[PDB]
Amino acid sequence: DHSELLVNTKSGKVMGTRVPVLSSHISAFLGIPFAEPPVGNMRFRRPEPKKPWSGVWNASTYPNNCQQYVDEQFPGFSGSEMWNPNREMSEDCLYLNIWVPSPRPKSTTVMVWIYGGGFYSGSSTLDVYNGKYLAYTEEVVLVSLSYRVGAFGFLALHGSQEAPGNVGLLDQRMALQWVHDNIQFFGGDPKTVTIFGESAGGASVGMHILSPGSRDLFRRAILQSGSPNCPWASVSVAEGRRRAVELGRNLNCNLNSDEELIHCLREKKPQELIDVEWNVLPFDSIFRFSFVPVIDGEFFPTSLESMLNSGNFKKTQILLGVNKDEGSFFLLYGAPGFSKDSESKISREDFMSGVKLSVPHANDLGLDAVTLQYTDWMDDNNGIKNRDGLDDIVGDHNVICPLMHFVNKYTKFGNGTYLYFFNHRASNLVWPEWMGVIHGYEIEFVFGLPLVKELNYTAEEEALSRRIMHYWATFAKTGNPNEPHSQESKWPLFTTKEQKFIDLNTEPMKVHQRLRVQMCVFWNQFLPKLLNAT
């Protein structure tokens, strides 16, 4: 080798870069391709594996982020801008990143990060997805993948093979193929790969657990605030088709045959599709899960629920959880009365509307049912209560109760579940109090940022991040987040009978049972039953 930053891989030779890590240093390989650029006539198709290359691929800088809608609701605002692309956007975007410990290890554990963003945005290159503190602190090879989002990734004319749909999931699978085939040269154990991810990354993980074509490519799985059965995470092939033809209609396109339609859509510039993306949604939910995975009979042989009942999925160990206020950012962005700079107390009227916004698929009875469920009628004009109740509505319906359904289903067949509730609101949070513990805001703990002194996290936050990185890495290494026979308090296994989970915050650990049963019984059993009858 005569070098640490040089690696020969079944695709090509790769030149690394040396990086500082809290006064130490590590190796890092940025922007390694794993597939052919999906440009021109390749748009909306299955990816192809990268054609192997003569020479030294300069893997010393982050790659172009994929093409997505950017978030300008708060220009200049870091809380919101941290999530936007920070490298140039381009259809040429299927690369990946490895952080290897230094000195290069023998065959140690690999974690692969799959970003979220609702399947319409996201980027592998964000400050908070910086793999170096975790790769360093826990001695793991940390990969981060990238995948087409939006129409580029999920336009779906089932029957067609030109835009079959799901292709963004296939992007991830191929990144995962590549880890299977090449991570050995980098010091990592291809028999010890944990895929982890948040939001749509969390659901993508769960979809790889489910899909036959992906199960064999990894060992263990972490799902953070996302689950494949989330209502924003998939659509029927009928509704993908319907939505895809509506992108044509919106862009003046021939609609007689798929060939016609795809051809038209392939001619248009990127920002053009992005600009009419919103306008495919029936009406509506706020924000733009236009193009998402399809239940296609291929990647997904049958319906998720049926897969999940029959046990048709990978049986291994999972670690997963939710944040206390998943819903808060949705309300801020899409619902009246809710604004970044006020306490956002909610009139009783703005509650009726907010309910309607959050449960689009429901009839008047559904809305009454949800309203009854979440309303204190001894004090129905409390604007804090109404504001918080709406938050819980949105959080439970879209993240917690689908996640709890998945957990109870998986655990009947799987080989060990661990379940967390992250309810710490960070000291240095730039968002207003009423949002609480926000969708996405445990990521920074997982990826080590509170160990950087520059960023003003408290010491008790430094200890939390260290504890969490350990749980995560110990779990990836062993299928269990606890240390062999250590003094520290044990995070119990989640079981069907007893359903224990822990909080994840600065106070000493507490174990609980049945995370949000009452509401989840409502969302998972009662409400669907009531809508199917009426």
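All residue numbers are counted from 1 along the displayed sequence. In this text, rigid core is short for the largest set of C-alphas that superpose within 1.5 Å between two forms.
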Worksheet entry | Farther-lying stretch by C-alpha RMS in 9 other deposited structures of this protein, rigid core as reference, of 395 to 403 and 348 to 356 | 348 to 356
Discussion item. Out of 282 to 290 and 258 to 266, which one drifts farther from the shown form in 9 other deposited structures of this protein in terms of CA positions, with the fit done on the rigid core?
Written reply: 282 to 290
Practice prompt. Decide, for the other PDB entries of this protein that were compared, whether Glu507 is missing from at least a third of their models.
Written response: no
Worksheet item: How about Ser60: is it missing from at least a third of the other entries compared?
Response: no
Worksheet item: Mean C-alpha B factor from the entry: is it higher for 481 to 489 or for 499 to 507?
Response: 481 to 489
Discussion item. Using only C-alpha atoms and the B-factors in the entry, which stretch averages higher, 97 to 105 or 195 to 203?
Written reply: 97 to 105
Discussion item. Checking the record values for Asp392, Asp379, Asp284, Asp368, which has the greatest CA B factor?
Written reply: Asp284
Response to the item:
Top Cα B-factor in this entry, restricted to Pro432, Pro270, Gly116, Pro231, sits on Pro270
Worksheet item: When the modelled residues of the chain are sorted by Cα temperature factor, does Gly159 land in the lowest, middle or highest third?
Response: highest
Item to complete: Relative to the other modelled residues of the same chain, rank the CA B-factor of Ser328 and answer lowest, middle or highest third.
Response: lowest
Worksheet item: Comparing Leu308 with the other modelled residues of its chain, is its CA B-factor in the lowest, middle or highest third?
Response: lowest
Practice prompt. Check where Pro212 lands among this chain's C-alpha B-factors and tell me if it's the lowest, middle or highest third.
Written response: middle
Worksheet entry | Assigned third (lowest, middle, highest) for the C-alpha B factor of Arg516 | lowest
